[PDB]
Ligand SMILES: [Zn+2]
């Protein structure tokens, strides 16, 4: 309960080895710095990172967004349908495979 | 004392700073800028900023609280 | 005492929010109803196994920690589409339509009633 | 009787540091706690120590000051070397200025009930970005004592009018329901020399030559800027907006000169000293 959530945001140009331009998801564009210890090379334009919501400093570069819409668009049951259940499409099955 | 004062001036434009877009300057010490929050503001220019860089669409960085163009 | 400290820290202006994929270093990403995303170092008072992407959680209005799991809400119109009054017109009140009545009943009610007469045949019910 | 504008609230460095630490930890939520000190006289109130109230769901309200926690905390500090009294309560307004909410007035009233000199202290953690310490102290204005009783603080000296109130407080009710009290940081030796160690520059780095490749980069790049600058000087003397000559020539010459002197001098000292 003592913990506080961090602000997510995509990152942009690395102005220096310490000053970076993050872009909070549906939010403003800031210039911010990595905390102290995180890598700087992997901090490339297009890496989801968490922001401390007091100084907006970069911490905990997250892998990437799954966007639960996409999670539903993957973890959906397609059925047990096999090729031996489709009939009369043999040439078309050959093409698709 | 001048070293102290100049150190404070430098300390003003330290991170975090909110990025925005430069609109046309008003006077030597102030200009209008539209922050990337969407809102527009009439903001004092930091006298250290070189004026030639102020193109009418340049990306600039403002103080997070006072929106000061720094 | 620890539980009542939780209870006093469970006053409910909650900021209902959607869950996004979970991370290891067990910890969650949240999208608020105010369309801003947060990361939580720890999910909160709910367990990781319960949550899932595209879920409805009530979070702290300021710290945004998850402290409630909510029943999914689709839309007010969708609930308005639900029948609560349960109308009363009898099948006897329908005249001449006996063949159509039988077709509709065998197509709709029978799969709801039994499912045994269909599964004993192996057919997909209409 | 009445209080005066020259009243000074003395915040020691330790209490001040604990105030910012608790504020910067509590954000975005506010944080509250009780200040430990003493009312030395009518014209000043001293605080020497402070401790944090555990957070709750009541926000910063009179409900938040836990009686048993406060009693235990006071008892334990009594047998460690600080039997002070609760001179008041601090408070944090994240982002929003050093004003007083309506819910923030009743709690200060409750604190005044114990002692009329009980001051409230509001500390903004977020706005204290740098060596600007944004902090203010308040005490209630007792309604009629301003409405008809008139000026609530006797102006016997000029020590109270040497500061300008913040417009935010005036909007939220400064000089109408609460009045500010001048803040004074009573630091002393053995407490300032210790804080100079955060950047001390130990003699180890005092006698390093940095790295010659990087210093060569600085010298060469600065020289390129010198030539690009002096082009503008040659263009500008002809004239008969950030005028390059004065500003940039003085700055660049100063920086390059001092950097090179320091590097060469340190190299010479290391040459003569390290065998
Ligand atoms: Zn307050």
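Following Swiss-Prot, chain D residues are numbered 23-262, 276-310, in order.
The deposited model was determined using electron microscopy, 3.6 Å.
Every residue, even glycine, has its Cβ placed from backbone N, Cα and C.
Around residue D:115 (Zn(2+) binding site), the same-chain residues at least 6 positions away in sequence with a Cβ under 8 Å from its Cβ are D:52, D:121, D:144, D:145, D:146. According to Swiss-Prot, the feature Zn(2+) binding site maps to D:113, D:115, D:126.
The domain 'MPN' annotation in Swiss-Prot covers D:31-166, and the record cites sequence analysis as its basis.
The annotation phosphoserine is assigned in Swiss-Prot to D:150 (among others). DSSP assigns residue D:150 (phosphoserine) to coil in the three-state reduction, outside any helix or strand.
Secondary structure from DSSP puts residue D:224 (phosphoserine) in coil. Its own atom aside, the Cβ of residue D:224 (phosphoserine) has 8 Cβ atoms within 10 angstroms in the protein chains shown. Residues or ranges marked as phosphoserine by Swiss-Prot on the basis of a large-scale study or a structure entry: D:224 (among others).
What Swiss-Prot records for D:113-126 is motif 'JAMM motif', and it gives sequence analysis as the kind of evidence. The DSSP breakdown of the motif 'JAMM motif' (D:113-126) into helical (H, G, I), extended (E, B) and coil residues amounts to 2 helix, 2 strand, 10 coil.
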Surrounding CB atoms that lie within 10 Å of the CB of residue D:113 (Zn(2+) binding site), all protein chains: 25
Within the domain 'MPN' (D:31-166), residues counted as helix, strand or coil by DSSP: 42 helix, 41 strand, 53 coil
Cβ-Cβ neighbours of residue D:150 (phosphoserine) (radius 10 Å): 16
Intrachain C-beta neighbours of residue D:126 (Zn(2+) binding site), sequence separation six or more, cut-off 8 angstroms: D:82, D:113, D:142, D:144
Residues close to Zn(2+) site centre defined by D:113, D:115, D:126, Cβ within 8 Å: D:52, D:54, D:82, D:114, D:121, D:122, D:123, D:142, D:144
Nearest-integer angstrom distance between the alpha carbons (Cα) of residue D:150 (phosphoserine) and residue D:224 (phosphoserine): 28
